[PDB]
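What follows is a single structure, written as structure tokens, with notes after it.
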2 protein chains.
Amino acid sequence: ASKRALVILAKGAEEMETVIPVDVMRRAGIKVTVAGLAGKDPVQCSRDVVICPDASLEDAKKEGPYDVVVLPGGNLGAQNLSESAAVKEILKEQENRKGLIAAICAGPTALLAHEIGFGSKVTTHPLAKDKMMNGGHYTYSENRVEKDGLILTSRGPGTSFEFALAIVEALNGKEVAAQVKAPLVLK
Amino acid sequence: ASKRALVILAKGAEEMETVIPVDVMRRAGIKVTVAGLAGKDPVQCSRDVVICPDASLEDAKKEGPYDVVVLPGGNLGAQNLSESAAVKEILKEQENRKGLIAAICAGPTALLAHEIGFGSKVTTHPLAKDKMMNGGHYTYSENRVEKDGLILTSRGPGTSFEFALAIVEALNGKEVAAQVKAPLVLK
């Protein structure tokens with residue numbers, strides 16, 4: 001049986017932070033659903049790459065549970081995630097059921113919006129720190145990837161491989177992460 | 001005036017190797033055209049990410065010249081590039097006019113197919129070396145990014161940031177590459 005990932009794709013998502021996790025997770029044999037927040041229409045990412053989701057979020061949320069819920073960054077994508085009642089519900093259920101939640105760059109600020117994982121040690125993009133830390137509900141880290149229990153965070157486009165491989169390790173183990181990593185030609 | 005890039009997107013392209021250069025180049029203020037080899041329909045990449053091109057290659061090739069032509073990798077994407085007469089023409093014109101050609105992973109094997117840049121020092125994905133070296137028409141390198149004149153090559157998903165930043169440096173200079181790099185949170 002394979003593990004399953006839900007990647008929530010909103011307008012303004014950082015496309016590198018979307019595609020790197022999707023691709024790496026699929027290399028790991030994870031069943032990944034790219035779910036469009038706004039429906040199954042194509043999504044215009046932050047740098048104008050247009051990605052066709054696998055499903056609407058509306059549909060995908062009925063086909064859970066997922067072993068991980070992934071929140072890409074990009075300032076405007078994260079804002080859309082933060083404003084969504086559907087995202088709130090998905091994250092609250094995931095946290096209740098002790099499933100992994102993984103967010104990168106500005107993505108963790110949706111955790112704040114939805115009151116998820118308070119008390120966790122987290123990282124974000126440097127420019128998103130102040131937003132994440134408003135109210136002091138998290139403890140900040142400058143590590144490239146941070147994991148505190150079921151809350152997995154990371155910093156930016158350039159940490160996306162490390163983030164994705166951390167998700168793979170959490171779901172499928174160290175050996176699978178190492179096997180997936182080698183063909184990537186990472187430093 | 002801005003520099004212009006043509007990114008040729010075929011079925012089976014490695015989506016990370018497509019999106020990272022597009023996004024990084026747009027961050028650099030380059031005007032990037034994502035051109036679908038087979039037309040302007042959505043393209044199913046190697047790990048099933050579906051990208052909507054900006055234009056068909058047929059249309060985009062009429063709107064040149066481009067300061068760089070970029071060939072993503074992915075074994076099957078590169079095969080499609082290698083089999084295309086339109087790609088052959090584009091690359092031969094680009095080489096004739098002394099414009100940059102940038103190829104990553106399996107992508108450089110399309111240079112071999114189209115008889116482009118013979119004698120150049122090149123790199124590829126490790127698994128693509130034998131194909132690239134058939135006939136001894138290039139000199140092989142294990143550097144993460146290799147540049148020999150107007151032939152710029154790189155190795156894999158994990159070298160895509162370095163590849164993209166090398167394109168930015170070649171087109172817009174070292175200072176712009178450094179400015180674009182810093183917000184990425186690269187090591």
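Every residue number used here counts from 1 along the chain in the order it is shown.
Recorded method for this deposit: X-ray crystallography, 1.1 Å.
Placement of Cβ uses the backbone N, Cα and C atoms for every residue, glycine included.
Here's what Swiss-Prot has on this protein:
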- B:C105: active site, nucleophile (ACT_SITE)
- B:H125: active site (ACT_SITE)
- B:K129: SUMO cross-link (CROSSLNK)
- B:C45: S-palmitoyl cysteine (LIPID)
- B:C52: S-palmitoyl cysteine (LIPID)
- B:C105: S-palmitoyl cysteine (LIPID)
- B:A1: N-acetylalanine (MOD_RES)
- B:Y66: phosphotyrosine (MOD_RES)
- B:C105: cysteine sulfinic acid (-SO2H) (MOD_RES)
- B:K147: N6-acetyllysine (MOD_RES)
- B:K181: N6-succinyllysine (MOD_RES)
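Rounded to the nearest whole angstrom, the C-alpha distance between B:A1 (N-acetylalanine) and B:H125 (active site) is 34. Contacting chain A by the Cβ rule (under 8 Å between Cβ atoms), the recorded positions B:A1, B:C52, B:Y66, B:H125 reduce to B:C52, B:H125. Local packing around the recorded positions B:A1, B:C45, B:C105 was summarised as the count of other Cβ atoms within 10 Å of each Cβ; on this measure the leading residue is B:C105. When secondary structure is read from DSSP and collapsed to three states, the residue listed as 'active site' falls in the coil class. Taking Cβ-Cβ distances under 8 Å and a sequence separation of 6 or more, the neighbours of the residue listed as 'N6-acetyllysine' in its chain are B:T153, B:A166, B:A170.
Taking Cα separation as the measure, the residue listed as 'phosphotyrosine' is nearest to B:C52 of the recorded positions B:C45, B:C52, B:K129, B:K181. In this structure, the CA atom of B:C52 (S-palmitoyl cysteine) is 11 Å away from the CA atom of B:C45 (S-palmitoyl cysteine).
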